[PDB]
Amino acid sequence: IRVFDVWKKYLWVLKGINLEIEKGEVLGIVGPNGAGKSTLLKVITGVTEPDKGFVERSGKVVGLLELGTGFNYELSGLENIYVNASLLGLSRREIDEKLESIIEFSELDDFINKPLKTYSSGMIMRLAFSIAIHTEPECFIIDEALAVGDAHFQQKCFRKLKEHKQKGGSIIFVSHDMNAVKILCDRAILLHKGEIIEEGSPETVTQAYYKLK
Amino acid sequence: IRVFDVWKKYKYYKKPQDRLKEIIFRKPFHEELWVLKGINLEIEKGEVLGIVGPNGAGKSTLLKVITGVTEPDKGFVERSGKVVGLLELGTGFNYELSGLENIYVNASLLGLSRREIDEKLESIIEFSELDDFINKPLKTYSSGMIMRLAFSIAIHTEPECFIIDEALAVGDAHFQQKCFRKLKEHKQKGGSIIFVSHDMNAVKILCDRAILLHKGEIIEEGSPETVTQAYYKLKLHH
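Next up, the structure:
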């Protein structure tokens, strides 16, 4: 939710970053690839510790880095659901309530017992999406590379995202399509060399990015 | 390159519980299923071959035997040179290491020599378009930059065949074209490419010929029109 004066070095990747993601919000993060967007998201999700300052988050954040974490291909898809969902914080009771819905979402009911090694690359993405979309995290990190291979599958993923937004979820959108930002994002921010140059409505930020572009 | 009488099986426990019960009773309590049955195939240098089929047909397990990650239970596969696939892309990367340092381990694992790395090192870093960040460690790299780097190392190792699933290579179209241009250069240089997709239109235009894989066997093979037609005939009678 809230990022307060967070700093990260290795040179400082992030300098004086203050940010807040409110509930029910679709937030777009735009900038050069070299600006350090990945390091900013990692401090948010919590995989990277801020060198100076702090960030407080109400709940877990799910991003591409988390997606499909801990998968073991020797294990079955059904077995893999448990290990992935457990790493994402779902309780044993929660998994069983959602195991039925997760399998129906992936549409792998025929193949779910089969071990992951046999699955096609598309099937694995479909499975990891199903586990991730159901963990009910407070925030979702959506890079444009996500949602690839959607035989209308994106619509089911997109429909749950509307449900997630209505339930107080927050979404972070990482993409280079500014037009997409206006359509999906309630507000956006532009990141340059570890600092936020301009923030606000997606129209204002899209203008500023074009000024930089 | 050449796949002869390849067969591949796996254990199929009905319930996760049953994996326990087989420990207790000392008896197997699994199901043996064959991903690939009677797979005979040839890949000619300078060929774009399309592998189309249902997800269960076994394409992933078949591609994995070709790349060399999995050994066939029955039959054999012979390849003249290395094959690069999604599992290989960025294999062995350590994010704590620098982007330049990580290049060395990937190429060393992909078989490139210390001398071989250096000759093409200039173009590869210029190919990735990562200039100041090359000194920087991978952890700072964006997901795009990491994938962008991994493609760059793999695309120039000049393996005999490239396996391209359609979901793979997604990204900046301008960089995807850079990969597309190099693959055309790869084909001209005697390279062979394998195209895996559910887009028949993509298969028909790009693939010189194709095979249809269903239930672990090739039901129809040949010109892309016939195979794409055959794939439609298969979808009717299911």
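Chains as they are written, first to last, in the working numbering: chain L, -16 to 196; chain A, -9 to 228.
Built from N, CA and C at the ideal position, the CB exists for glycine as well.
Residue of the options minimising C-alpha distance to residue i
{"i": "residue 6/A", "options": "39/L, 50/L, -3/L and 61/L", "result": "61/L"}
{"i": "residue 153/L", "options": "176/L, 27/L and 92/L", "result": "27/L"}
{"i": "residue 184/A", "options": "54/A, 130/A and 59/A", "result": "54/A"}
{"i": "residue 18/L", "options": "170/L, 50/L and 179/L", "result": "179/L"}
{"i": "residue 147/L", "options": "99/L, 119/L and 106/L", "result": "119/L"}
{"i": "residue 56/L", "options": "67/L, 89/L and 11/L", "result": "67/L"}
{"i": "residue 88/L", "options": "69/L, 111/L and 45/L", "result": "111/L"}
{"i": "residue 94/A", "options": "74/A, 124/A and 75/A", "result": "124/A"}
{"i": "residue 101/A", "options": "113/A, 31/A and 144/A", "result": "144/A"}
{"i": "residue 143/L", "options": "134/L, 113/L and 168/L", "result": "113/L"}
{"i": "residue 21/A", "options": "130/L, 129/L and 97/L", "result": "97/L"}
{"i": "residue 196/L", "options": "16/L, 11/L and -7/L", "result": "16/L"}
{"i": "residue -13/L", "options": "9/L, 23/L and 11/L", "result": "23/L"}
{"i": "residue 42/L", "options": "121/L, 106/L and 107/L", "result": "121/L"}
{"i": "residue 100/L", "options": "23/A, 170/A, 50/A and 121/A", "result": "50/A"}
{"i": "residue 138/A", "options": "221/A, 122/A, 198/A and 79/A", "result": "79/A"}
{"i": "residue 186/A", "options": "174/L, 189/L, 140/L and 105/L", "result": "105/L"}
{"i": "residue 46/L", "options": "91/L, 194/L, 136/L and 29/L", "result": "29/L"}
{"i": "residue 24/A", "options": "219/A, 103/A, 220/A and 205/A", "result": "205/A"}
{"i": "residue 189/A", "options": "134/L, 14/L, 44/L and 10/L", "result": "134/L"}
{"i": "residue 193/L", "options": "74/L, 13/L and -7/L", "result": "13/L"}
{"i": "residue 123/L", "options": "138/L, 11/L and -7/L", "result": "11/L"}
{"i": "residue 88/A", "options": "203/A, 131/A, 174/A and 178/A", "result": "131/A"}
{"i": "residue 48/L", "options": "136/A, 220/A and 121/A", "result": "136/A"}
{"i": "residue 91/L", "options": "149/L, 190/L, 171/L and 136/L", "result": "136/L"}
{"i": "residue 44/L", "options": "-8/L, 117/L, 75/L and 172/L", "result": "117/L"}
{"i": "residue 85/L", "options": "131/L, 140/L and 132/L", "result": "140/L"}
Bridge-paired residues (DSSP) for residue i
{"i": "residue 1/A", "result": "22/A"}
{"i": "residue 122/L", "result": "44/L and 153/L"}
{"i": "residue 197/L", "result": "No answer is possible for residue 197/L: it lies beyond the span of chain L, which begins at -16 and ends at 196."}
{"i": "residue -6/A", "result": "66/A"}
{"i": "residue 197/L", "result": "Beyond the ends of chain L as shown, which are -16 and 196, falls residue 197/L; an answer cannot be given."}
{"i": "residue 88/A", "result": "127/A"}
Nonlocal neighbours in the same chain, by C-beta distance under 7 Å from residue i, ignoring five residues either side
{"i": "residue 151/L", "result": "6 and 7"}
{"i": "residue 132/L", "result": "105 and 108"}
Cut-off 6 Å between Cβ atoms - residues of its own chain near residue i, not counting five sequence neighbours on either side
{"i": "residue 227/A", "result": "none"}
{"i": "residue 39/L", "result": "-15"}
{"i": "residue 3/L", "result": "-15"}
{"i": "residue 198/A", "result": "37 and 38"}
{"i": "residue 82/A", "result": "95, 96 and 99"}
{"i": "residue 92/A", "result": "83 and 128"}
{"i": "residue 220/A", "result": "202 and 210"}
Unbroken alpha helix (DSSP H) run spanning residue i, endpoints
{"i": "residue 199/A", "result": "It is not in any alpha helix (DSSP H) - residue 199/A instead sits in the beta strand (DSSP E) that spans 199 to 204."}
{"i": "residue 81/L", "result": "75 to 89"}
{"i": "residue 164/L", "result": "161 to 167"}
{"i": "residue 223/L", "result": "The requested residue 223/L is not part of the displayed model; chain L covers only -16 to 196."}
{"i": "residue 12/A", "result": "6 to 14"}
{"i": "residue 225/A", "result": "214 to 226"}
{"i": "residue 117/L", "result": "104 to 117"}
Endpoints, the beta strand (DSSP E) within which residue i is located
{"i": "residue 12/L", "result": "8 to 13"}
Neighbourhood of residue i by C-beta distance below 8 Å, restricted to the same chain and skipping five residues each side
{"i": "residue 199/L", "result": "Within the shown structure, residues of chain L are numbered from -16 to 196, placing residue 199/L beyond reach of any answer."}
{"i": "residue 261/A", "result": "Since the displayed chain A opens at -9 and closes at 228, residue 261/A lies outside it and no answer follows."}
{"i": "residue 106/A", "result": "97"}
{"i": "residue 149/L", "result": "7"}
{"i": "residue -7/L", "result": "none"}
Chain C contact residues for residue i, given Cβ-Cβ distances below 9 Å
{"i": "residue 18/A", "result": "Judged by its chain identifiers, the structure shown contains no chain C, and its protein chains are L and A."}
How about the region 104 to 115 of chain A and the region 59 to 67 of chain A: do they share at least three Cβ pairs that are nearer than 8 Å? no
Does the region 155 to 167 of chain L come close enough to the region 181 to 189 of chain L to have 3 or more Cβ pairs within less than 8 Å? yes
Okay, do the region 154 to 174 of chain A and the region 8 to 17 of chain A touch, 3+ Cβ pairs below 8 Å being the bar? no
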